[PDB]
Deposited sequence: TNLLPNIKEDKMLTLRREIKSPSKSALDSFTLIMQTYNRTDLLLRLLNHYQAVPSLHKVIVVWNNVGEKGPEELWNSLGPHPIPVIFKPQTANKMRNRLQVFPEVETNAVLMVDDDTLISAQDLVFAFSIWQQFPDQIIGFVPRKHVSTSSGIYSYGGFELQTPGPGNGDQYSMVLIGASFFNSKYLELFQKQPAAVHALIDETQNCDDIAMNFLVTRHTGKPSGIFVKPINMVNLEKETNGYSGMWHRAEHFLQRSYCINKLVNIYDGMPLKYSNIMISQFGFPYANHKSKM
């Protein structure tokens, strides 16, 4: 359980992908256990099929959920024995090389969200914010760009943030259920408020693949709602992009 991480994968109507990803993730080094947050209410889980195809390198725990809520993966599962949690959406395949490297980065910054997907907030009207990525102008600073959030759907973060998440104002939880979105924005708000540092650090992935409209609109909406509830914009910008020295070979020159 020491120097190991736990994979928390929430799944919904993607069982075929889930099983394929599981076949990949079970073999990643330093993986201690897998927790599948089964959000398909009233549907039999593929655990029988999974075991019939055993043995497997680590225990995979299927936890049936009473409702299909985005926040289910953020609960404090008793089965999690590690200090770090690896949270990945059930449609994303991240290479073992990216995971091993990112995990080693997390161990050096255990209080920050270490991930592969950076995003930001911008403002063009006092007190009004917008959610976006590199298609939006850099917020403030000089050259280059900035990110103020690292999405939890492809990251490593301290398991203690799951508990701290549960302890956030009811207005925050209310907001999450309301939109069935923005849980990662909430997590980023929560982390930076706890540390006083940028909520996360962006590690550029070498091999991460996705296997496959009011969504983005809700994103901006949530940032503004959260600013009201917390009575302030706590997110901090960063332009730190970490890559692995020598991987690929000679990438330093």
Where the deposited sequence has no C-alpha coordinates (positions from 1, in order): 1-25, 238-249, 291-293
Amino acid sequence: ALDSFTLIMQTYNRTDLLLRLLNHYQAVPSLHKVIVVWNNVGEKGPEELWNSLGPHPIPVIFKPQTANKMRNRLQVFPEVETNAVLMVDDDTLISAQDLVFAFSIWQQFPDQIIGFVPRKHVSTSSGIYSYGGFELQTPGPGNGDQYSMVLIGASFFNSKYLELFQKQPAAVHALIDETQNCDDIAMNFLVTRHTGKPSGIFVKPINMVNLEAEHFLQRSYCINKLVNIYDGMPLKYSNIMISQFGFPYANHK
From here on, numbers count along this sequence of modelled residues.
At least a third of the other entries leave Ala213 unmodelled: yes
Mean Cα B-factor comparison, 221-229 or 54-62, giving the higher one as deposited: 54-62
Of 36-44 and 188-196, the stretch whose C-alpha atoms average the higher B-factor in the entry: 36-44
Peak C-alpha temperature factor (PDB record), options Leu93, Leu86, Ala102, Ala174: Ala174
Maximum C-alpha temperature factor, selected from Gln112, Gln97, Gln146, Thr179: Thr179
Chain-relative CA temperature factor third for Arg71: highest
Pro139 - Cα temperature factor, lowest/middle/highest third of chain: highest
For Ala250, the third of its chain into which the C-alpha B factor falls: middle
B-factor third for the C-alpha atom of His24 within its chain: middle
Third assignment of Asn158 from its chain's C-alpha B-factors: lowest
